[PDB]
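Enquirer: Provided hereafter are the protein sequence and its experimental coordinates.
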Amino acid sequence: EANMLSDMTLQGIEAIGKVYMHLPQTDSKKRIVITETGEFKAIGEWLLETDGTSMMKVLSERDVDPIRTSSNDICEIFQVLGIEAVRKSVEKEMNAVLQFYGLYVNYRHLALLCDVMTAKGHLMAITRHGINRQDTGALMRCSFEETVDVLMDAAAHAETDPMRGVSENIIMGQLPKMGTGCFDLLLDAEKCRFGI
Amino acid sequence: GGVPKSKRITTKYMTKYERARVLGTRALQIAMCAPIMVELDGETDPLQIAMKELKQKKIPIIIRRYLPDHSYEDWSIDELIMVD
Amino acid sequence: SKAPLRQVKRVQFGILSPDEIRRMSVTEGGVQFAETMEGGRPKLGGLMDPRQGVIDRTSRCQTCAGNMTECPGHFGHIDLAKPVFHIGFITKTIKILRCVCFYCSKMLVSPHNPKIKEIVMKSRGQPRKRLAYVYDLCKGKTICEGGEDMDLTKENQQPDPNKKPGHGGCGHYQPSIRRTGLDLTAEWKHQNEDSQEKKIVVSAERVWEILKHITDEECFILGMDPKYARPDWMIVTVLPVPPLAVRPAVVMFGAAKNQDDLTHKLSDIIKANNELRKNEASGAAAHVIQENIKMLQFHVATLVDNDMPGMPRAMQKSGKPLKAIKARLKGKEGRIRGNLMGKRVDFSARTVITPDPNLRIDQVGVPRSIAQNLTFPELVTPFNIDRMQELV
Amino acid sequence: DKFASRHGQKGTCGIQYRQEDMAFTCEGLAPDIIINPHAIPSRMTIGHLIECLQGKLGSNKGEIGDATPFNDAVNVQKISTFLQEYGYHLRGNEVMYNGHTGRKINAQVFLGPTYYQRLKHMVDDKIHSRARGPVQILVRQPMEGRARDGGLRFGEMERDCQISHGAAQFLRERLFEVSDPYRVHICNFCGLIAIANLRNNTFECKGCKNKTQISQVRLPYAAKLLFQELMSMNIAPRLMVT
Amino acid sequence: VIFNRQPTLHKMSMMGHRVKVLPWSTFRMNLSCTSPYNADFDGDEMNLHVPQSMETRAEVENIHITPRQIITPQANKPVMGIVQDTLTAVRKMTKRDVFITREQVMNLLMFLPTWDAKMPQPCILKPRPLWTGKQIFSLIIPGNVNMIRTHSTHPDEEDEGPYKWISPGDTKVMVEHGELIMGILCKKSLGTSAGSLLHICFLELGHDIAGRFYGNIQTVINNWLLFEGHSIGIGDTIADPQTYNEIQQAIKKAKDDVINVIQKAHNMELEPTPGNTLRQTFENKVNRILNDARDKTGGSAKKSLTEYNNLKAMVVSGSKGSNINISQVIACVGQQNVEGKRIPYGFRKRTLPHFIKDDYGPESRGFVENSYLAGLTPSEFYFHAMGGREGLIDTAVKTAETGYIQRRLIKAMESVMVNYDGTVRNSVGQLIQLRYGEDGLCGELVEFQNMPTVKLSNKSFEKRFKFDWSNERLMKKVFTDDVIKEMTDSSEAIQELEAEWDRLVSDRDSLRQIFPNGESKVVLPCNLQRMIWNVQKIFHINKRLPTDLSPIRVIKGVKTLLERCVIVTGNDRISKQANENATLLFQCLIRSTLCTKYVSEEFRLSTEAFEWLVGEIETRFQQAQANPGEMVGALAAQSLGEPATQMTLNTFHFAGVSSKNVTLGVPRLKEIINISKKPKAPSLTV
Amino acid sequence: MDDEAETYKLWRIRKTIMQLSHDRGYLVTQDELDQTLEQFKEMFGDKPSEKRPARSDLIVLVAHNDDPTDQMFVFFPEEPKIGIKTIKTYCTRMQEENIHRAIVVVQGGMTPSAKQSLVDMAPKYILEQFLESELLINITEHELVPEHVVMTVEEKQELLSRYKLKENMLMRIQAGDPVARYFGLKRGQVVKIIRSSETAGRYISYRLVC
Amino acid sequence: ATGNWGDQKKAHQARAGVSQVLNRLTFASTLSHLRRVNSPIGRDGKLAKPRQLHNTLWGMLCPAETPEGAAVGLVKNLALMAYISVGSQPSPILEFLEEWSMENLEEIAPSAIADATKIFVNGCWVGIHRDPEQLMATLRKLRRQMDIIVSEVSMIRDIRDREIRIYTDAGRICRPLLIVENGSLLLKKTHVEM
RNA sequence: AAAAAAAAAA
Ligand SMILES: [Zn+2]
Ligand SMILES: [Zn+2]
Ligand SMILES: [Zn+2]
């Protein structure tokens, strides 16, 4: 009795909690189509907002749109859709968060971040488990977090740091290959014409 | 890795990161009493002399632009065009 | 200085071998005395050795004959009688110890395996991921399987003179390795020969002998370069001694009455080593030698890392924990973040700002005392020789 | 110098003006202090205006004003009605004149006595400047605090925004040239710190037995202490120069 | 020297400055530095640094100087602007009734150092010589500046009426040929917003001219403010007694309405809405009633204020304040909310012991029925303390994780580098982007463009863009006889126009494919309408006179423009494919705006105007490219971490209309930074 | 209830498989792409309980356009858990028809012993596996998924020569990605991604399968 | 002098900041420092619930006096009328209770507790009584008449839960308030003349 | 002269 009261499911998805039915009032969740005159018409179709993400049991339903339905869970998009869809979903979520407060950031700064997010083909995080696991140098990784562990890993593995970053050259004190320091100036011997 | 002049695929327009360092290096060279290529109109701050001889593109500085494949292209001052 | 000033191109990390540590050190015979002052003069072989560096503003180095600004400091060495674990390398050491054999010191999976070759060509230039893949491959191995005559399942088979060599398995079960701090225990779930008991404690000497007899080829598949990073060099046998630049003499009033924490910790290291070498030479009991090894390992670990949980904290004289080298590096106020990332500038000023509407935006109003204190280092040119002459 | 009101109107003195160069009323009244109206609605201080009006009323009448909260006996309209009887405007506004020229101000201005409190954050206790001074006995960096004559802290976000500007020479100046420059001699084969006697001009590597292949490297002092500390941790940061 | 305020949250929080020696012991600078530095002059300690090498001084001059850093690459907007009483007197000085004498404009004349010593003829010549505010702001504006915006108090019905070009209220703001003509300026026109006067005077004149224009505004405006004056008082906080009676009656009616709502909820007559419970439905109804009453009373208070009320003029100047500030001054404070909810029952079913148990009326709820001018009851003053503590708590708590997120973001992209081939690479040289921002352009020199070939109907596309030669009456009144003889001598012009129409149809189809929701606003450099207006004004283009520009020359100029405006170079197929992939929106905008009908019937451009236009377009598209040698990763990290400090402003005035669990603000970006391993509020929009 | 839903999901899975074969460059007719549910009921049946159609009855053989002897099998086993016995049965069918490509659509699971079997039979015959739940939704038809194009080795060499690129410093994509499984991408191939850009119209990137 | 509240050798486990240097800048600063209350929660918690100013702080602590920074909502100042309980022995209240009518726990059946009202003295259950209203009125009379129970002793009649709680311990904070019966104050004009 | 603690300003 406790088993059939607390565990079994009559209908629905066990990973989905409260479900709401609503009509959108703005031209963002409406269906925008092209009429015969060439104008854009926004149709306010009925739509679902469910708490809990499992779209293997949602998109595979009888009357669910397989195209416009997305999710806010980035890892599940990675194990369902792909890494470029992860990039697009992260860009869309960042745009939604910035437009909730009305703050506008340019698309290029967001796209650079989102292409950094998909650099290795999987989901790297801006933490000590995604930055320190990169193929970068030792002073790239120790100067952010876990300095001693990265230093002993480089010492034990005899890791070669090729001095290509900026904080590496900041530590060792010469001009970094960065910004206006990414080139060398040479004196032209032939161009030394008449002077004073 | 000497890239030939006809093989150079970098831009022909000198950006401000090159402009600041070439102006500073040339004005420093004048500050150690280098010969001045153009006529002087009473200017005493060698940074101003560095601009007014950068206008006629008579500064003997070769810019060694570094490509990501560890190859370098040499661009002269008069080959590049002033823009601001 | 008639030395060529060139730009360094790359940094090669590695582990200092004890032969290299003995070769770097200017202290011939090792540091033997924990006393810093001996009758108003520095003592050779002590913690205030003149060969390591300078003492005060009027003294000179015994080695390079320089002042504070000229002498960079020269390292010493302490020859420990018995090797001890490096605690920070412990999290690496078991990663080799669970991959190499406990008895014949060979590899749990034979290096001509196609999976090993696929890992090697997959992880070229990535030694950490190579070691991770090796440890993932060797997590399920519990028996040192090997033998060239272990594949005799066929009947009337002529032996092949062009046959490759097979795996070398001493026929022994590799124990599970457990740890509760610095102590290392090995347990055999399956019983070996009757001369070996099921639960043993493994000292640093057994691990040193195990990692000593590993060939360079097995170290290469382990992702660990034998030229600079041999695995037997992680166990501290010769302890490096930092110079007086790393551990400065703190002056109180006229003369330096007290030293820093590192000098006192190295004094504890010297006293521990002297007590151990006195007890082992006297033919003392086994529990005395075990206690000496335990306290020497405790002093070595607290010299390295005093922030290890499950490990007794080092007691300073002022009711504080000891500040180790890890505390010097790791932290916001550490040597990386507070001294290399964020080192202070010289020519700077700071004051309270007030508005000025008639000034243009590309101008700042500067007080007279700040403009007198802060200086612009202008070069001398013939264009403005008279103006700089009247300025000076 | 930092001044403040009794309603949170903190600020600093932008400038000082003599009596002949600032605004005066028809009665020749030069105020002690002038403030910004734009600080009023954002801070939402109507009680400052009520305090000013009650101060004008109590100074014209000759009584100590009562500012007890949640009191129905004190009202803005009552103070206005009592202030109207003393020959002034009922909202406390006054007509002033220009100080430089003498012309009437087109917009009528609100004047009266309030209660202002000085603060201890004087500029004499906060001004600091430093060209060159003491360096630390460990890292050879400037001191901390004005009493020890220490320099400013070129923090992390300074490096962040200078990388955002992308000017490498200012970074090389602030983090190598004016903080802790040092010169070390390095063996080419070993890549570690070698012995260099500058008096007889001799160079010797104690492990590589190297006497000629010794190079000179300029570096920050804190990086040198990091390398020496790593050399204490059985780590070899071999810095080859070829 | 280098001038820096801590904490430095972005790129614009440290400038380069020129030293002027002043006697007193403080730092002195312009007021417009207060917006990028986030300074408040309330005890702000701030640092200055001196370069010790003169090549670094040259780097400060060429990079770190303030006028070269006017436009942020974060949101393509200015960061300094005209603020405070300078902006208030700009608003009060451009008014139509401001008639200013010869002596006062004479006083204002010497504070313009860029003036050419040519005084204008007065607007009024007899009987007394009088100038006006727009005539003397015209002298401040240099060069060729043309501009259309609107004031913040512009009615929406004025634009479709017959008075859209002649405003009785002087609301639409027009600038032609670098002299101010029409409208009153405000925060929209002289602020940090995109498309302002400051943005276009930076983009059209240069860094130094705009930076001098900034200083040329403020001295003249502050010297005119000595003549005019500006002052708020206790009389500005008091409205009409009829307005006060109306506000009190509206508040009493709202209290009676919420009492009736409580009564019908107690009588089992409140039907719960779907998506939420009866508790949430009742709370949402009460919050909506109180917020609507507060907004209605604030609107009634704002409408009843006169033009002499300096608080209303200061708010509509846009320098400080808003409408909710005016409502809290005059009408009422509103409902105090803790975490966007009701004041919690700290006692047993009571917020205070002075109320009754199980009371849901607005006195015990937290609604404030009195204004701050009238004074508060002690209970609602305690509820205002409840509300005001939460803002300080929200300021104090999240800023640790905000700074941690900023440091993590600036450490992860510390070496994302634009190289000399136009590609984007990290420290290890791994390719991230083939072009920066997928177009190879910098974020400073881009702006907002309206796209005309997206929203419109097919018949409007045919009657608006298809060039027809059959209408000979329009052909005669638009073109001169030389163009007719020139095109009748040729034969390929008809199929050339047909190919142009086919290219426009294909571009419209591609734009509809790219944008499915019909977004007609894009982010592109080189605003075409502004420079077409500029070459109209420079060359004195008459829009009621026939021109001598053949459409074949227009098509040849457009083709030469699109051939000479390259980003990805090379004759390879991959290089050409990347060239038309990077410049597709630019090609679409060029073909949509430089059509054969716009330049002939609408804009009526000449030949020399057309060649000046194509030269200007080529030059401005060349200089708007991304500079090889520019750090973009740390710039992106700072430009995303700067709004992370400004998402605490919308904490208050929240009730929630939907009972959906969603994470908003710091946590959202925090999770997207950890790859959102587990969504804080997992939701599907199906 | 079970028969109609089973027929509907079998028709949807068959349509997804046929679209996958069409996306891989194989010889795919238009009527099989546009096969309706009623067309599937007429051609194969509507009662999957009484073997109309059977799970082994629906077996799809498709050929390549350029190379007609390069073909793909699609297998639908009926059991939920796949052992090495049915894998070996498919293999013994697979050598005797001289074809190097097949995809088995599992229902519930497919064992790690058979995972190792499919690993060590890989460089003679390609035998990919797919879950029935993953094949109810076309991956490439989603609005978040841009255009993916498989690219040959000559165009890859042209891309490396034009941009001076090396393969280790390319953008990467994992081999376990559902997009890479949809196209059957192996390690070393480079996929071209064409996406819509709001600042330039469209953008083309290149990813390395690893 | 140091401020560490414990042993010198084991001061790492002791609280810091209990003893502070007195702020002699103004008289008001000295009075604010003499009436300061410090929360034991550390100044690094991301939880906002201890930092929220509670509804029960009416007249106990000052609502608009907190330092700015990370210590907001923790350091507070006392109200002008608030008074800290010194502490008193709970003995004679207990003897008065057991002599008046109260029935002890060790002399009653366990099945006769649900109808009666429990009595708690400093968190200690003592017994039950079946007339809580008359007992609470008698306790109020004895506290007002200053005979046995001092005015410092707090007492609660939980009517909905049938409990009586008596607190005599230190650490309590009280406000002196007027007494109202029958819609009228007990303070008269005779008290004003006195 | 170091370290710890407390009080603050932005
Ligand atoms: Zn020396
Ligand atoms: Zn073995
Ligand atoms: Zn050497």
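Expert: Perfect, thanks for sending it. Numbering: from 1, shown residues only, chains lettered A, B, ... in the order given. Ligands and ions are numbered 1, 2, ... in the order given.
Enquirer: name the SS class of the nearest residue to residue E:285 once chain neighbours are set aside, please.
Expert: If the residues on either side of it in the chain are set aside, residue E:285 comes closest to residue E:261, at 5.9 Å by C-beta to C-beta, 6 or more residues apart in numbering or on different chains. All C-beta spots, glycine's among them, are computed from the backbone N, C-alpha and C. Three-state call for residue E:261 (DSSP: H, G, I helix; E, B strand; the rest coil): helix.
Enquirer: count the neighbours of residue E:261 for me.
Expert: Using other C-beta atoms under 10 Å in any protein chain shown, residue E:261 is surrounded by 17 other residues.
Enquirer: likewise for residue E:424?
Expert: The number of residues near residue E:424, taken as other C-beta under 10 Å, comes to 25.
Enquirer: how near is it to ligand 1?
Expert: 48 Å (C-beta to the ion, to the nearest Å).
Enquirer: who are the neighbours in contact with that residue?
Expert: A:112, A:115, E:416, E:417, E:418, E:431, E:432, E:433, E:434, E:435, E:436, E:632 (C-beta atoms under 8 Å, 6 or more residues apart in numbering or on different chains).
Enquirer: most neighbours among the residues you listed, which one?
Expert: Among the contacts of residue E:424, the one with the most neighbours (other C-beta under 10 Å) is residue E:417, at 29 neighbours.
Enquirer: OK, contacts around that one?
Expert: Residue E:417 touches A:178, A:182, E:424, E:425, E:426, E:427, E:631, E:632, E:633, counting by C-beta under 8 Å, 6+ apart.
Enquirer: is stretch E:300-315 positioned near chain D?
Expert: Yes: Stretch E:300-315 lies within reach of chain D by C-beta under 8 Å from any C-beta of the partner chain, at E:310, E:311, E:314, E:315.
Enquirer: and which of the residues you listed is nearest chain G?
Expert: Chain G lies nearest to residue E:311 out of the residues of stretch E:300-315 next to chain D, by C-beta to the nearest C-beta, at 25.3 Å.
Enquirer: so that closest one is in contact with residue E:328, correct?
Expert: No: with contact defined as C-beta atoms under 8 Å, residue E:311 does not reach residue E:328; the gap is 11.4 Å.
Enquirer: next, the one residue in chain D that gets nearest to chain C: phi, psi?
Expert: Closest residue of chain D to chain C, C-beta to the nearest C-beta: residue D:207 (3.3 Å). When read as degrees, to the nearest 10, the backbone of residue D:207 gives phi -110, psi -40.
Enquirer: my guess is it meets residue C:26, correct?
Expert: No: applying C-beta under 8 Å, one finds residue D:207 not in contact with residue C:26, separated by 10.7 Å.
Enquirer: three-state assignment of residue E:555?
Expert: Quick answer, by three-state DSSP: residue E:555 is helix.
Enquirer: count of neighbours near it?
Expert: 20.
Enquirer: so what's the residue nearest to residue E:285 up against?
Expert: E:270, E:282, E:285, E:286, E:289.
Enquirer: ok, now how distant is the last one from ligand 2?
Expert: I take that to be residue E:289. Taken as C-beta to the ion, the span from residue E:289 to ligand 2 is 82 Å.
Enquirer: sorry, back to before: so which of the contacts of residue E:424 sit within helices?
Expert: A:112, A:115 (DSSP state H).
Enquirer: can you put the contacts of residue E:424 in CSV and add distance to residue F:139?
Expert: As requested, the contacts of residue E:424 are exported to CSV (distance: C-beta to C-beta, whole Å):
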residue, distance to residue F:139
A:112, 26
A:115, 21
E:416, 30
E:417, 34
E:418, 33
E:431, 25
E:432, 25
E:433, 24
E:434, 25
E:435, 27
E:436, 30
E:632, 32
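Enquirer: next helix or strand past the longest helix seen in chain D?
Expert: Across chain D, the helix with the greatest residue count (assigned by DSSP H) is helix D:47-61. As assigned by DSSP states H and E, the chain's next helix or strand after helix D:47-61 is helix D:76-84.
Enquirer: helix or strand right after that next one?
Expert: Beyond helix D:76-84 toward the C-terminal end (DSSP H and E), the next one is strand D:93-94.
Enquirer: contacts for the following helix or strand past that following strand next, please.
Expert: On the C-terminal side of strand D:93-94, the nearest following helix or strand under DSSP H and E is strand D:96-97. Strand D:96-97 has contacts (C-beta under 8 Å, 6+ apart) with D:23, D:24, D:25, D:26, D:103, D:104, D:105, D:109, D:111.
Enquirer: and the fifth one, what does it touch?
Expert: If I follow you right, that is residue D:103. With the criterion set at C-beta under 8 Å, 6+ apart, residue D:103 makes contact with D:97, E:227.
Enquirer: distance of it from residue D:95?
Expert: Counting by C-beta to C-beta, to the nearest Å, the separation of residue D:103 from residue D:95 is 12 Å.
Enquirer: name the element the residue lying closest to the residue of chain D closest to chain C once chain neighbours are set aside belongs to?
Expert: Closest residue to residue D:207 apart from its sequence neighbours, by C-beta to C-beta, 6+ apart: residue C:23 at 3.3 Å. Following DSSP H and E, one finds residue C:23 within helix C:18-24.
Enquirer: go through the lengthiest helix in chain A and flag the buried ones.
Expert: Identified as the longest helix of chain A according to DSSP H is helix A:83-100. For helix A:83-100, burial by neighbour count (16 or more other C-beta atoms under 10 Å in any protein chain shown) applies to A:83-91, A:93-94, A:97-98.
Enquirer: ok, now stretch F:41-50?
Expert: Buried residues in stretch F:41-50, counted by 16+ other C-beta under 10 Å: F:41, F:44, F:45, F:46, F:48.
Enquirer: same deal with stretch D:180-191?
Expert: So for stretch D:180-191, counting by 16+ other C-beta under 10 Å, buried means D:180, D:182, D:183, D:184, D:185, D:186, D:187, D:188, D:189, D:190, D:191.
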